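Chains as they are written, first to last, in PDB author numbering: chain B, 45 to 55; chain A, 15 to 95. Below: one structure, written as C-alpha cells.
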Amino acid sequence: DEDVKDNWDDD
Amino acid sequence: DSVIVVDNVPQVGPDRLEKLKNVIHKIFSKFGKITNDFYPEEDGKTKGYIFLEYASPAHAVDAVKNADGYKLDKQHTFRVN
C-alpha cells in the first residue's frame, strides 16, 4: 500500500 | 481468460482490512489498472478467496503469471490462477 517492500508478490 | 482468482486469502482486523484490497491495486498496478473487484464471504464470516477482473485478457493472463503466490509473511502462500 505505501513506500515499503513489495511483501505481496512472490517473483 | 480476462480475470484472476486467488486462494488462501483470510480476512484481518481493523487498521489492516483496507490494506487487503488496497495492496491488490498497488501490486497489480505494474501490469495495468484493475476495473472489477469482489470480496465474497461465508455467512458474513471470514473469507478465503477473492475475484478480480481486468479490462483486458493480456492483464489477467499476465497478472496470474507474475503474482503467483503473495509473500504476506504469515503461514501458507496464496495461489493466483
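We put the beta carbon where it would ideally sit given N, CA and C, even for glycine.
So which residues of chain B does residue i contact, with C-beta pairs closer than 9 Å?
i                     : result
residue 81 of chain A : 52, 53, 54
Does the distance from the CB of residue i to the CB of residue j come in under 8 Å?
i                     : j                     : result
residue 26 of chain A : residue 64 of chain A : no
residue 17 of chain A : residue 53 of chain A : no
residue 91 of chain A : residue 54 of chain B : yes
residue 45 of chain A : residue 76 of chain A : yes
residue 51 of chain B : residue 40 of chain A : no
residue 50 of chain A : residue 66 of chain A : yes
residue 45 of chain B : residue 36 of chain A : yes
Measuring only from the beta carbon, is residue i closer than 7 Å to any heavy atom that is part of the ligand ADP?
i                     : result
residue 90 of chain A : Here there are no bound small molecules, and the ligand ADP is not part of this structure.
To the nearest whole angstrom, what separates the beta carbons of residue i and residue j, a pair I think is in contact under 8 Å?
i                     : j                     : result
residue 62 of chain A : residue 23 of chain A : 6 Å
Starting from residue i, find everything on chain A with Cβ-Cβ shorter than 7 Å and list it in chain order.
i                     : result
residue 45 of chain B : 33, 36, 37, 40
Residues of chain B with CB under 8 Å from residue i, in chain order?
i                     : result
residue 87 of chain A : 51
Contact residues within the region 53-85 of chain A, judged by C-beta distance below 9 Å to chain B: 80, 81, 82, 83, 84, 85
Which runs of the alpha helix (DSSP H), 4 residues or longer, sit entirely within the region 28-93 of chain A? 31-41, 71-77
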